[PDB]
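The structure appears below as structure tokens.
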Amino acid sequence: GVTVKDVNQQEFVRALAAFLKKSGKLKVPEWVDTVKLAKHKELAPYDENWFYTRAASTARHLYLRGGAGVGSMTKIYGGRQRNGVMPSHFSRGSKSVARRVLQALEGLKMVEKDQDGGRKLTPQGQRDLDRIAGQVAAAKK
Amino acid sequence: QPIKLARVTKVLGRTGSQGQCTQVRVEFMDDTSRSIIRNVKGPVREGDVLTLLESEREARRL
Amino acid sequence: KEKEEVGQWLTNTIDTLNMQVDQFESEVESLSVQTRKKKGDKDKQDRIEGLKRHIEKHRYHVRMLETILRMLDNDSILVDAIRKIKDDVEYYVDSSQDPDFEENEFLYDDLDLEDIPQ
Amino acid sequence: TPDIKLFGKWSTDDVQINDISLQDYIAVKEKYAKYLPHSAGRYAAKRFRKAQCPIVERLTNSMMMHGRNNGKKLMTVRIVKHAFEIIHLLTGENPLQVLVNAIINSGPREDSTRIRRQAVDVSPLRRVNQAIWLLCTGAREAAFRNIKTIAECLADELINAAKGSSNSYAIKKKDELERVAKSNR
Amino acid sequence: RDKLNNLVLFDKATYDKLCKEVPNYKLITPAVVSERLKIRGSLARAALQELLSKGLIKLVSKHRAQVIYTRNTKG
Amino acid sequence: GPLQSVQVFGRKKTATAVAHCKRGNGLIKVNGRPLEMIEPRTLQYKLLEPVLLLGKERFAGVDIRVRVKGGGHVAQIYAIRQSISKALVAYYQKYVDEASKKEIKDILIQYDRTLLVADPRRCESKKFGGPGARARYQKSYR
Amino acid sequence: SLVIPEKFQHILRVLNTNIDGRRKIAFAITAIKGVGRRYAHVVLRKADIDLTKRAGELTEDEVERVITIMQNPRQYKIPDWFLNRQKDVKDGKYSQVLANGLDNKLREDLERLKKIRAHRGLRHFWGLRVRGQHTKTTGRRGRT
RNA sequence: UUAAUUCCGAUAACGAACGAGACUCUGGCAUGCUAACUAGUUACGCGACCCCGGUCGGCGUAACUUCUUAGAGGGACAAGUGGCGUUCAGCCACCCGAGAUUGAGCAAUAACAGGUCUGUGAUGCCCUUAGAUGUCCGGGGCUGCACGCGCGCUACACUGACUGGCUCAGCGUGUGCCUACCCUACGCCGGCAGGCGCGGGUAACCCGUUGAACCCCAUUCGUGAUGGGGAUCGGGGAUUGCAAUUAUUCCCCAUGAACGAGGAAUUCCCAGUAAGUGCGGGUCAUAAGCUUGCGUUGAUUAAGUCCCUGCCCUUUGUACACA
Ligand SMILES: [Mg+2]
Ligand SMILES: [Mg+2]
Ligand SMILES: [Mg+2]
Ligand SMILES: [Mg+2]
Ligand SMILES: [Mg+2]
Ligand SMILES: [Mg+2]
Ligand SMILES: [Mg+2]
């Protein structure tokens, strides 16, 4: 009936972070209120619960393209590094927040470590994301 | 002083210092026998309607 | 400087008549809600008609103020005439909502603006 | 509807071109109805193909100016989309029709060149070009260094040009341009 | 040279102005609300949010750069 | 049961899209997502132009599954729209009467010629002495 | 909370500096020279203060909580790499240096570099570029 | 008449040669050919999730080459139609169609006291040759700073900035005779630059489906030199290097300058063009504000003229001829 694919992803991330909140075991780190998650930023993420949305984005990206590791997540969450007086370039995300989103999402069994490395989505994790897709699909009625 | 409307029957040539205007023969849309010459600014092809704010001012030839 | 100030004042007046057209239109809106929900509000329909009088004359006044601004930027109509009628146009803006209303009919007949078509 | 094509949410009919000098240069009607002001293009391949370009495609094409906005047709399509909703809300009437009225009212009918100057009249195509250009930069210098959006400035500038209010930059530069053409004929 | 003093919160002399005339505006945008009431755009957005929640205004379209409201539909 | 697939491609630029139109029910979807959610959504009706010009009953007997690779978002959307409009085109030469095909061409081309024939405009090569394809650097004197 | 209640203050006085009350607090406490756009956010997150609240909208019970975290950030779990003065040349002390202390510490770094007759100190004395810049063509207002 | 000394035609010239054109590469087009486990598509089997079907770059094999690769060919010629035309050379418009003018490369004769002796074991002459103008080592300078100029980058914001989310490329390059220095998947520690481990790739095989930026959707701002702008400067932390101080580079915090669209003047450009936007290559131990390529988004205006600056041909005048 509904998959993660055939629903709009915008509110899908915003509701899946709430599911990860209702789980209550998503394992936020100690520095999550102090950091900047990329080189190309200058201000902290304004959202108090940006870790849950980032974990939702990471779960969705692992669904849509598996075999992804920390370098792949920093490639996904990259942007334009405004070098000030120099022109802007491409810079990546933070490897530590990437690996701790993955380590959290395997702390609760939703992603899995592939042999030789990389992260894949678990079958019940696919079930969880697909039911969150079902909830945001019933939100269209 | 009414403003008039006129259809191009002929393009004669480009005029101006830089060749920036066209010189057209216009036939009025009240009298289809009254055709005079006006210098026109912009890309003008033949068969097109123009609003003359002065209508009896004839343009010099080429 | 004087022409710019007078045209700026005319722009402020077309702004305030736009706003007051909006106010009378919204009162027409809500009284029309009430009449359509409960037919029998003949007094509310009469109030809609009086507000429609106000909207009609505010629209007419906008058109003549617009004609004044066009002709003023084209330098055809004199600032002495606009200063001759500025007190009475201010009087209209101040006194349009009042029941006690002594309007000059000759606001634009003093300049032959209703005489000249658009 | 297969026959009539809504411009998103605006009918392309009920728009009458009151002039005949611009009737075959304003592309709105009966084959030029499209869903979006975004087409592929090839409208500058020959000399008069921009007459076949629909007038809102040209409105979005001339709105992407001043360097930082070049290549941003999707953004200008969105600005014109919001501006049309603001126009329809402000006037209660068709944004396509008052856009055509703004074009006709703003297009300067005679100009001055150098053949000390000399007056000429204008092309229908150059009249439409100058109309669109004056409307777009009237919106641009209305929206620069100001709190209100470019969609609002384009909307009220199109409405002010559709009535000739002399608060629109297009009208108050058209009348001076025709005035200096008046001065040297 | 030039400077505006835009209200950052409504005082009571402006709150009645807002809740009385602003729902009767044909065009309602935080930009024009800032221009009439001499307030900031952010305060205007925060105003039109509670005005939409109480239903005195009506949303037509939203965007991240342009949100537009109008008066109540008659019905 | 005759298997009645047709597989066409469509281009705008270096982006190319392959539409797979086979016999089925009224499904049209691109990269696995339905056509009503492909980003950016300001060209939603641009994506829907083959559907809205040809109606839905022509789409009723066929389902179309499009993949697209290369280019960027607008060129992606134009290649997708190309692929749809010539996918119904190559199904209706092949499996149904030719006169339905001819009247579909009578709808598509006379609306816009770039539904069925791609524009050949590609990026022109930058040459030396300038920042790009035609423009040159600033010339300085004195 | 969009009504303007009691305890609204147009200009605050912390660290003997002013604060624009119109600003969001996360940019309002950046007016202290020593506290920037991001050290403001980390101090306003170590204390539970909502960042959509304004500086005049805050009450006195939390502005002291803000500036005590300013004065001593290491007692309030701020890590050492936010600080503009760690491993000092005199007391080796990790601290965040503030309103008039910033001028004091900058001046003492300057004169401590002057006393040893270092090259950077001599170029700071003469007014030239000290970070190795090409002074031939640019910097036309520090000179003449 | 042509883009053309390009043709027709005229003709004390006739026959020729170069340049131009032709030519090679590149772009666009083929559901016809060749073929594909280092490229895939479609079927079928199994697996996973939802509610018979849907999704899957989850796993696997029976056809096929549409997508991809790159070869052989085809294709377009002013060929067809209607005007204009000595009814010639040719021009304009239109049908049919992928294309009815894709972009480069090569580029004549004659020259120029143009640049290069600092590319050369190309090199004449002269200078020097052991207290060396050879060569090596150490340190410094080539970055020095009252001023002037040129090429550029960042900007002066709301058509924006910040912060989250979403979603798309195309050229490439990559483990080195000397020769040390490659590109990196992924696991773990670290805010971060980074570090510590095992793997692949001498490459359509691994990086890689190159999840690029701009753009798109949602927050916070609100005309304030502001959350624009990021110069300058202070403190600390990593990497490369034998060595970084005159800060090699990168990070973190803090400092928060001019700058409100720029005088006279002046440059480049017309269709995938300008412009924005990022990514490669070169330089490279560390390394892009440069250059050369590549894509992505994508216009305003123009189909003209000799007014300005120049170019070509003819006629004409000349006291010019290093003109
Ligand atoms: Mg010489
Ligand atoms: Mg040098
Ligand atoms: Mg500032
Ligand atoms: Mg900034
Ligand atoms: Mg020049
Ligand atoms: Mg260089
Ligand atoms: Mg003589």
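In the structure tokens, chains take letters A, B, ... by order of appearance, with residues numbered from 1 within each chain and ligands from 1 in the order shown.
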Practice prompt. Please write out the residues within 12 Å of ligand 2 as a ChimeraX atom specification, counting only C-alpha atoms (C1' of nucleotides) and all ligand atoms.
Written response: /G:134,136 /H:141-144
Can I get the selection written as a PDB file, in the first residue's frame, with N, CA, C and O atoms (P, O5', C5', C4', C3', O3' and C1' of nucleotides)?
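What ended up in again-v6.pdb:
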```
ATOM      1  N   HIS G 134      51.376  41.134   2.733  1.00  0.00           N
ATOM      2  CA  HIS G 134      51.973  42.012   1.739  1.00  0.00           C
ATOM      3  C   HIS G 134      51.456  43.426   1.951  1.00  0.00           C
ATOM      4  O   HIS G 134      50.303  43.725   1.627  1.00  0.00           O
ATOM      5  N   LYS G 136      52.754  46.157   0.591  1.00  0.00           N
ATOM      6  CA  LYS G 136      53.109  47.008  -0.540  1.00  0.00           C
ATOM      7  C   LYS G 136      51.895  47.669  -1.179  1.00  0.00           C
ATOM      8  O   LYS G 136      51.942  48.858  -1.510  1.00  0.00           O
TER       9      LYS G 136
ATOM     10  P     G H 141      63.896  37.202   5.202  1.00  0.00           P
ATOM     11  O5'   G H 141      64.188  37.880   3.790  1.00  0.00           O
ATOM     12  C5'   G H 141      64.478  39.267   3.690  1.00  0.00           C
ATOM     13  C4'   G H 141      64.886  39.653   2.289  1.00  0.00           C
ATOM     14  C3'   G H 141      63.845  39.443   1.208  1.00  0.00           C
ATOM     15  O3'   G H 141      62.861  40.454   1.161  1.00  0.00           O
ATOM     16  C1'   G H 141      65.899  38.594   0.462  1.00  0.00           C
ATOM     17  P     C H 142      61.326  40.036   0.989  1.00  0.00           P
ATOM     18  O5'   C H 142      61.190  39.665  -0.555  1.00  0.00           O
ATOM     19  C5'   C H 142      61.610  40.569  -1.564  1.00  0.00           C
ATOM     20  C4'   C H 142      61.919  39.887  -2.879  1.00  0.00           C
ATOM     21  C3'   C H 142      60.760  39.227  -3.599  1.00  0.00           C
ATOM     22  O3'   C H 142      59.856  40.147  -4.196  1.00  0.00           O
ATOM     23  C1'   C H 142      62.668  37.842  -3.726  1.00  0.00           C
ATOM     24  P     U H 143      58.281  39.813  -4.240  1.00  0.00           P
ATOM     25  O5'   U H 143      57.636  40.577  -2.989  1.00  0.00           O
ATOM     26  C5'   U H 143      57.937  40.201  -1.645  1.00  0.00           C
ATOM     27  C4'   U H 143      56.766  40.348  -0.709  1.00  0.00           C
ATOM     28  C3'   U H 143      57.065  41.158   0.549  1.00  0.00           C
ATOM     29  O3'   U H 143      55.922  41.912   0.938  1.00  0.00           O
ATOM     30  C1'   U H 143      56.446  38.943   1.151  1.00  0.00           C
ATOM     31  P     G H 144      55.865  43.486   0.623  1.00  0.00           P
ATOM     32  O5'   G H 144      56.911  44.138   1.632  1.00  0.00           O
ATOM     33  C5'   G H 144      56.806  43.974   3.038  1.00  0.00           C
ATOM     34  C4'   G H 144      58.167  44.096   3.667  1.00  0.00           C
ATOM     35  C3'   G H 144      58.598  45.508   4.039  1.00  0.00           C
ATOM     36  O3'   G H 144      58.241  45.824   5.373  1.00  0.00           O
ATOM     37  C1'   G H 144      60.285  44.462   2.723  1.00  0.00           C
TER      38        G H 144
END
```
Fill in: Shell around residue 38 (chain A) at 7 Å using only C-alpha atoms (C1' of nucleotides), local window under 2 positions removed, as a list in words
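Near residue 38 (chain A), the qualifying residues are residues 36, 40, 41, 92, 93 and 94 of chain A.
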Residues from last step as file, C-alpha atoms, as a PDB file, in the first residue's frame:
```
ATOM      1  CA  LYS A  36      28.607  22.487  15.342  1.00  0.00           C
ATOM      2  CA  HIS A  40      31.079  25.049   6.908  1.00  0.00           C
ATOM      3  CA  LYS A  41      28.920  26.375   9.734  1.00  0.00           C
ATOM      4  CA  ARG A  92      31.683  17.723   4.749  1.00  0.00           C
ATOM      5  CA  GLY A  93      29.770  16.997   7.950  1.00  0.00           C
ATOM      6  CA  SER A  94      31.135  15.876  11.299  1.00  0.00           C
TER       7      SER A  94
END
```
Practice prompt. Tell me which of H:113, H:108, H:49, H:79 sits closest to ligand 1, counting only C-alpha atoms (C1' of nucleotides) and all ligand atoms.
Written response: H:113
Discussion item. Ranking H:239, H:149, H:112, H:297 by minimum distance to ligand 1 and counting only C-alpha atoms (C1' of nucleotides) and all ligand atoms, which one comes first?
Written reply: H:112
Which neighbours of region 100-117 of chain G fall inside 10 Å, counting only C-alpha atoms (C1' of nucleotides), when residues of the same chain fewer than 2 positions from it are skipped, and could you give them as a PDB file with N, CA, C and O atoms (P, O5', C5', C4', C3', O3' and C1' of nucleotides), in the first residue's frame?
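Generated output (out30.pdb):
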```
ATOM      1  N   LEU G  15      28.183  43.111  32.909  1.00  0.00           N
ATOM      2  CA  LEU G  15      29.628  43.272  32.696  1.00  0.00           C
ATOM      3  C   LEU G  15      29.991  44.720  32.359  1.00  0.00           C
ATOM      4  O   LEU G  15      30.911  44.994  31.586  1.00  0.00           O
ATOM      5  N   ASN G  16      29.235  45.647  32.958  1.00  0.00           N
ATOM      6  CA  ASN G  16      29.306  47.092  32.741  1.00  0.00           C
ATOM      7  C   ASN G  16      29.161  47.478  31.271  1.00  0.00           C
ATOM      8  O   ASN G  16      29.797  48.431  30.819  1.00  0.00           O
ATOM      9  N   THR G  17      28.339  46.748  30.512  1.00  0.00           N
ATOM     10  CA  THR G  17      28.053  47.044  29.112  1.00  0.00           C
ATOM     11  C   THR G  17      26.543  47.117  28.916  1.00  0.00           C
ATOM     12  O   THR G  17      25.776  46.675  29.774  1.00  0.00           O
ATOM     13  N   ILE G  32      28.569  42.158  24.562  1.00  0.00           N
ATOM     14  CA  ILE G  32      29.759  42.123  25.405  1.00  0.00           C
ATOM     15  C   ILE G  32      30.949  41.722  24.548  1.00  0.00           C
ATOM     16  O   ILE G  32      30.965  40.633  23.960  1.00  0.00           O
ATOM     17  N   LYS G  33      31.946  42.599  24.469  1.00  0.00           N
ATOM     18  CA  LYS G  33      33.130  42.314  23.670  1.00  0.00           C
ATOM     19  C   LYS G  33      33.961  41.275  24.415  1.00  0.00           C
ATOM     20  O   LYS G  33      34.583  41.572  25.441  1.00  0.00           O
ATOM     21  N   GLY G  34      33.917  40.039  23.927  1.00  0.00           N
ATOM     22  CA  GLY G  34      34.420  38.895  24.657  1.00  0.00           C
ATOM     23  C   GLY G  34      33.464  37.730  24.534  1.00  0.00           C
ATOM     24  O   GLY G  34      33.850  36.570  24.696  1.00  0.00           O
ATOM     25  N   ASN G  84      38.553  31.849  24.731  1.00  0.00           N
ATOM     26  CA  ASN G  84      39.458  32.673  23.943  1.00  0.00           C
ATOM     27  C   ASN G  84      40.807  32.848  24.614  1.00  0.00           C
ATOM     28  O   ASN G  84      41.683  33.511  24.050  1.00  0.00           O
ATOM     29  N   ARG G  85      40.985  32.283  25.814  1.00  0.00           N
ATOM     30  CA  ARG G  85      42.226  32.388  26.568  1.00  0.00           C
ATOM     31  C   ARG G  85      42.395  31.105  27.379  1.00  0.00           C
ATOM     32  O   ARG G  85      41.931  30.989  28.516  1.00  0.00           O
ATOM     33  N   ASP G  88      47.315  30.386  29.498  1.00  0.00           N
ATOM     34  CA  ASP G  88      47.784  31.762  29.544  1.00  0.00           C
ATOM     35  C   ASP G  88      49.286  31.807  29.805  1.00  0.00           C
ATOM     36  O   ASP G  88      49.880  30.859  30.325  1.00  0.00           O
ATOM     37  N   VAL G  89      49.904  32.925  29.431  1.00  0.00           N
ATOM     38  CA  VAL G  89      51.353  33.070  29.494  1.00  0.00           C
ATOM     39  C   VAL G  89      51.805  33.422  30.907  1.00  0.00           C
ATOM     40  O   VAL G  89      53.007  33.427  31.196  1.00  0.00           O
ATOM     41  N   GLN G  96      37.383  32.299  30.072  1.00  0.00           N
ATOM     42  CA  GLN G  96      36.826  33.139  29.022  1.00  0.00           C
ATOM     43  C   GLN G  96      37.012  34.583  29.470  1.00  0.00           C
ATOM     44  O   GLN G  96      36.664  34.940  30.601  1.00  0.00           O
ATOM     45  N   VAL G  97      37.567  35.402  28.597  1.00  0.00           N
ATOM     46  CA  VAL G  97      37.994  36.735  28.993  1.00  0.00           C
ATOM     47  C   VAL G  97      37.038  37.764  28.402  1.00  0.00           C
ATOM     48  O   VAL G  97      36.669  37.690  27.224  1.00  0.00           O
ATOM     49  N   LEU G  98      36.630  38.727  29.231  1.00  0.00           N
ATOM     50  CA  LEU G  98      35.411  39.498  29.024  1.00  0.00           C
ATOM     51  C   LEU G  98      35.671  41.001  28.985  1.00  0.00           C
ATOM     52  O   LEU G  98      36.821  41.431  28.853  1.00  0.00           O
ATOM     53  N   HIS G 119      59.619  40.468  16.915  1.00  0.00           N
ATOM     54  CA  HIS G 119      59.308  41.053  15.613  1.00  0.00           C
ATOM     55  C   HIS G 119      57.836  41.424  15.498  1.00  0.00           C
ATOM     56  O   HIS G 119      57.493  42.483  14.955  1.00  0.00           O
ATOM     57  N   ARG G 120      56.954  40.557  16.001  1.00  0.00           N
ATOM     58  CA  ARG G 120      55.524  40.842  15.991  1.00  0.00           C
ATOM     59  C   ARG G 120      55.192  42.030  16.884  1.00  0.00           C
ATOM     60  O   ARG G 120      54.331  42.847  16.542  1.00  0.00           O
ATOM     61  N   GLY G 121      55.886  42.156  18.018  1.00  0.00           N
ATOM     62  CA  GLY G 121      55.696  43.314  18.872  1.00  0.00           C
ATOM     63  C   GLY G 121      56.178  44.607  18.249  1.00  0.00           C
ATOM     64  O   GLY G 121      55.527  45.644  18.386  1.00  0.00           O
ATOM     65  N   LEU G 122      57.309  44.560  17.543  1.00  0.00           N
ATOM     66  CA  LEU G 122      57.807  45.751  16.862  1.00  0.00           C
ATOM     67  C   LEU G 122      56.892  46.163  15.715  1.00  0.00           C
ATOM     68  O   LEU G 122      56.663  47.359  15.503  1.00  0.00           O
ATOM     69  N   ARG G 123      56.346  45.197  14.971  1.00  0.00           N
ATOM     70  CA  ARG G 123      55.394  45.547  13.923  1.00  0.00           C
ATOM     71  C   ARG G 123      54.052  46.008  14.471  1.00  0.00           C
ATOM     72  O   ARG G 123      53.385  46.821  13.823  1.00  0.00           O
ATOM     73  N   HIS G 124      53.643  45.522  15.643  1.00  0.00           N
ATOM     74  CA  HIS G 124      52.479  46.101  16.301  1.00  0.00           C
ATOM     75  C   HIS G 124      52.748  47.518  16.778  1.00  0.00           C
ATOM     76  O   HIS G 124      51.839  48.352  16.773  1.00  0.00           O
ATOM     77  N   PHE G 125      53.977  47.796  17.219  1.00  0.00           N
ATOM     78  CA  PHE G 125      54.345  49.144  17.630  1.00  0.00           C
ATOM     79  C   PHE G 125      54.340  50.106  16.451  1.00  0.00           C
ATOM     80  O   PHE G 125      53.767  51.195  16.537  1.00  0.00           O
TER      81      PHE G 125
ATOM     82  P     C H 233      46.914  41.768  11.314  1.00  0.00           P
ATOM     83  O5'   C H 233      46.640  41.494  12.860  1.00  0.00           O
ATOM     84  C5'   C H 233      46.765  42.533  13.820  1.00  0.00           C
ATOM     85  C4'   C H 233      46.010  42.216  15.088  1.00  0.00           C
ATOM     86  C3'   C H 233      46.325  40.885  15.751  1.00  0.00           C
ATOM     87  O3'   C H 233      47.511  40.907  16.524  1.00  0.00           O
ATOM     88  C1'   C H 233      43.983  41.180  15.650  1.00  0.00           C
ATOM     89  P     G H 234      48.265  39.536  16.876  1.00  0.00           P
ATOM     90  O5'   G H 234      47.502  38.996  18.164  1.00  0.00           O
ATOM     91  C5'   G H 234      47.500  39.739  19.370  1.00  0.00           C
ATOM     92  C4'   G H 234      46.620  39.098  20.410  1.00  0.00           C
ATOM     93  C3'   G H 234      46.857  37.621  20.665  1.00  0.00           C
ATOM     94  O3'   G H 234      47.973  37.369  21.497  1.00  0.00           O
ATOM     95  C1'   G H 234      44.550  38.005  20.442  1.00  0.00           C
ATOM     96  P     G H 235      48.859  36.052  21.261  1.00  0.00           P
ATOM     97  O5'   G H 235      48.011  34.891  21.940  1.00  0.00           O
ATOM     98  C5'   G H 235      47.740  34.921  23.332  1.00  0.00           C
ATOM     99  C4'   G H 235      46.710  33.893  23.721  1.00  0.00           C
ATOM    100  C3'   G H 235      46.981  32.471  23.266  1.00  0.00           C
ATOM    101  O3'   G H 235      47.931  31.791  24.059  1.00  0.00           O
ATOM    102  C1'   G H 235      44.759  33.013  22.781  1.00  0.00           C
ATOM    103  P     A H 254      32.674  32.959  19.713  1.00  0.00           P
ATOM    104  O5'   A H 254      33.567  34.217  20.114  1.00  0.00           O
ATOM    105  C5'   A H 254      33.690  34.646  21.462  1.00  0.00           C
ATOM    106  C4'   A H 254      34.871  35.569  21.646  1.00  0.00           C
ATOM    107  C3'   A H 254      34.883  36.827  20.792  1.00  0.00           C
ATOM    108  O3'   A H 254      34.084  37.868  21.316  1.00  0.00           O
ATOM    109  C1'   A H 254      36.970  35.777  20.624  1.00  0.00           C
ATOM    110  P     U H 255      33.391  38.925  20.329  1.00  0.00           P
ATOM    111  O5'   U H 255      34.604  39.778  19.756  1.00  0.00           O
ATOM    112  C5'   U H 255      35.347  40.644  20.596  1.00  0.00           C
ATOM    113  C4'   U H 255      36.493  41.272  19.851  1.00  0.00           C
ATOM    114  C3'   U H 255      36.102  42.173  18.696  1.00  0.00           C
ATOM    115  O3'   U H 255      35.769  43.484  19.117  1.00  0.00           O
ATOM    116  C1'   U H 255      37.832  40.704  18.018  1.00  0.00           C
TER     117        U H 255
END
```
Worksheet item: Which residues, written as an MDAnalysis selection string, have at least one atom at most 10 Å from residue 301 (chain H), with only C-alpha atoms (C1' of nucleotides) counted and residues fewer than 5 positions away on the same chain left out?
Response: (chainID D and resid 44 126 129) or (chainID H and resid 270)
